[PDB]
Each structure stands twice: as C-alpha cells, then as structure tokens.
Amino acid sequence: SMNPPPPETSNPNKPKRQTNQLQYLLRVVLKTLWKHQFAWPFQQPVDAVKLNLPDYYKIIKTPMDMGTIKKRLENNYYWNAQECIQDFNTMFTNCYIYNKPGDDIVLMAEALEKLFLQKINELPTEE
Ligand SMILES: COC[C@H](C)n1c(-c2cn3c(C)nnc3c(NC(C)C)n2)nc2cnc(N3CCOC[C@@H]3C)cc21
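Counted from 1, the sequence shown has number 1111 at position 110 by my numbering; the numbering is strictly sequential.
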C-alpha cells in the first residue's frame, strides 16, 4: 500500500486571518510540544510505507500530525482556534486507537497531551 498524500495545509480558497489565539497556538503551543523529547514520532505524517505499518491507513481515516498542524498555522489554514485544537486532539486520539495501552508510542503521546492541555488552558483573549 502506498501512503496517502499528507493532509492539506494551504488552501487559497479558504479565507485567511491573524488572531491572538492562532498566533499563540503556533508560537507557544506548537513550539512547546515540538521541542519535547518525545515529540519526534508526531512531527510528520505517519509514513506507513517506511515504518512497515500497512494497516495504519486501513484503521486511521483522519490522520493528523504536528508537522501538518505547523504548516496549517503557517499558511492560515485555520480560521478558529477550535479547528487547530481539534487537530491536536485528533492526533492524540488516532495514536490511542491504533496502538495498545502502555506501548512506548502511547506513553509518548500521553506526555505530549498533558503538556498540550496545560498550554491551551492559557490562551490569550479573543478579539
Ligand atoms: C516511537 O515511535 C516509533 C515508530 C516506529 N515511529 C512512529 C510512529 C508514530 N505513530 C503515531 C503518531 N501513532 N502510532 C505511531 C507509531 N506506531 C508504531 C510504533 C506501531 N509509530 N513515527 C516515526 C517516525 N520516525 C521513526 N524513525 C525515523 C528515524 O529512524 C528510526 C525510526 C524509523 C519512527 C517512528
């Protein structure tokens, strides 16, 4: 099985805006998670070919990853903070669905999710 193309990240038929919360989601939330010691399995789409996981896209139909989230923020793909927050949550949920409890990858996702939830409790004020 081939990999699917990565999720869309820059769509010129979507309107674009800068907001306090979107800027914080890139500069603080994404940045803080990206630097974590266990972020690396989440910094790009799952390469099912390279990783020999031929059933990955048979099970996960809404893939998401921080590399895609980063590019979506950089190219104004999101209009509302909730869209970005939803993508981070989809990333974590996919990890929990595909893998088993206690697997190294799941323990890594749990550590990142704890940090994510802390940082999104500190969003700046909305316009
Ligand atoms: C700790 O993850 C190891 C794992 C193999 N792995 C994942 C990954 C990401 N996943 C998400 C998201 N949800 N489920 C999985 C998942 N599940 C499997 C464990 C069943 N694996 N992404 C990776 C990216 N790169 C690499 N490496 C590049 C450098 O050389 C070495 C190695 C090949 C390994 C990667």
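A virtual CB, placed ideally from N, CA and C, is assigned to each residue, including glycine.
Item: Nearest-angstrom Cα separation, counted from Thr1020 out to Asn1077; Value: 10 Å
Item: Local conformation of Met1109 per DSSP, three classes; Value: helix
Item: Outcome for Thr1069 when other beta-carbon atoms lying within 10 angstroms are tallied against a minimum of 16; Value: buried
Item: Closer than 7 Å: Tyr1099 CB and nearest ligand 1 heavy atom; Value: yes
Item: Distance, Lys1017 Cα to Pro1102 Cα; Value: 39 Å
Item: Test item: CB-CB of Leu1074 and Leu1124 under 8 Å; Value: no
Item: Cβ-based burial, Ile1060 [other Cβ within 10 Å; buried from 16]; Value: exposed
Item: Local Cβ density within 10 Å of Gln1022, reported as buried at 16 or more and exposed below that; Value: buried
Item: Range of the contiguous alpha helix (DSSP H) that encloses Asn1095; Value: 1082-1099
Item: CB contact flag (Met1065, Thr1033, <8 Å); Value: no
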